[PDB]
Amino acid sequence: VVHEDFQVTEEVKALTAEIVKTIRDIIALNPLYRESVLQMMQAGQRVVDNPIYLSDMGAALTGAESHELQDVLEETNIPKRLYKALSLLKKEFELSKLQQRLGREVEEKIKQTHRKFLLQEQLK
Amino acid sequence: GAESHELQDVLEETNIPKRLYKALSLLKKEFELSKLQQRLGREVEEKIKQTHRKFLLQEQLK
Amino acid sequence: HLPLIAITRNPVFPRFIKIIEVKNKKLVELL
């Protein structure tokens with residue numbers, strides 16, 4: 001289990017911060033699991049002594065297939081796997097954003113159809 | 001987002017000008033850190049978008 | 001003259017509303 005890290009453990013957590021913030025955004029846009037795990041597992045409480053496993057949970061919280069997760073697990077370099085997890089997160093971000101945008105497009109268009117019927121009666 | 005040690009060191013400074021200057025310097029350092037992280041994430045996101053847009057086209061096709 | 005409250009990584013910025021939560025019940029009796 002490779003667990004290499006920089007002795008300058010000051011600016012590295014920012015990435016994890018980003019990731020958790022990113023992960024937060026996930027649950028904000030894509031409800032998958034209870035936000036309670038975020039509540040108890042707070043990165044600012046100094047309770048995450050194995051941040052590699054926090055990154056693993058974040059990757060698991062993504063919808064990445066088994067192939068992408070295997071590729072990530074094959075990344076021993078902590079920064080590289082973290083950036084790959086960021087890439088998967090961004091992929092799912094765009095996927096869900098397009099899904100919600102298209103659903104909203106459909107619903108507004110149906111509402112416009114109903115309003116067009118209303119206004120066709122008003123035209124009559 | 002200055003760490004607790006930064007806050008304690010700021011509180012250590014007594015004179016209002018000195019503590020205010022330390023707060024300004026901490027603000028500058030936090031701004032630099034945010035800028036650096038945003039630049040790194042921007043480069044990584046650009047490299048992700050370095051993926052041909054046909055990747056997004058196949059996403060749409062699926 | 002009260003026992004020190006276990007911070008447990010709960011920074012309280014000045015003039016800032018913050019939340020203190022400690023699993024220990026020994027603080028509940030003191031409260």
# chains A, B, ... in the order shown; residues from 1 in each chain; ligands from 1
>>> interface_residues(of="chain C", to="chain B", cutoff="10 Å", atoms="only C-alpha atoms", output="VMD selection string")
chain C and resid 9 11 to 13
>>> interface_residues(of="chain A", to="chain B", cutoff="12 Å", atoms="only C-alpha atoms", output="PyMOL selection string")
chain A and resi 10-19+22+44-45+79-80+82-92+94-96+98-99+102
>>> interface_residues(of="chain C", to="chain A", cutoff="12 Å", atoms="only C-alpha atoms", output="count of residues only")
9
>>> select_by_dssp(residues="chain C", states="helix (DSSP H, G or I)", output="ChimeraX atom specification")
/C:26-30
>>> atom_distance(atom1="atom CA of residue 73 of chain A", atom2="atom CA of residue 58 of chain A")
13.0 Å
>>> atom_distance(atom1="atom CA of residue 54 of chain A", atom2="atom CA of residue 28 of chain A")
18.5 Å
>>> residues_around(residues="residue 22 of chain B", least_positions_apart="6", cutoff="9 Å", atoms="only C-alpha atoms", output="ChimeraX atom specification")
/B:9-10,13
>>> atom_distance(atom1="atom CA of residue 27 of chain A", atom2="atom CA of residue 108 of chain A")
24.6 Å
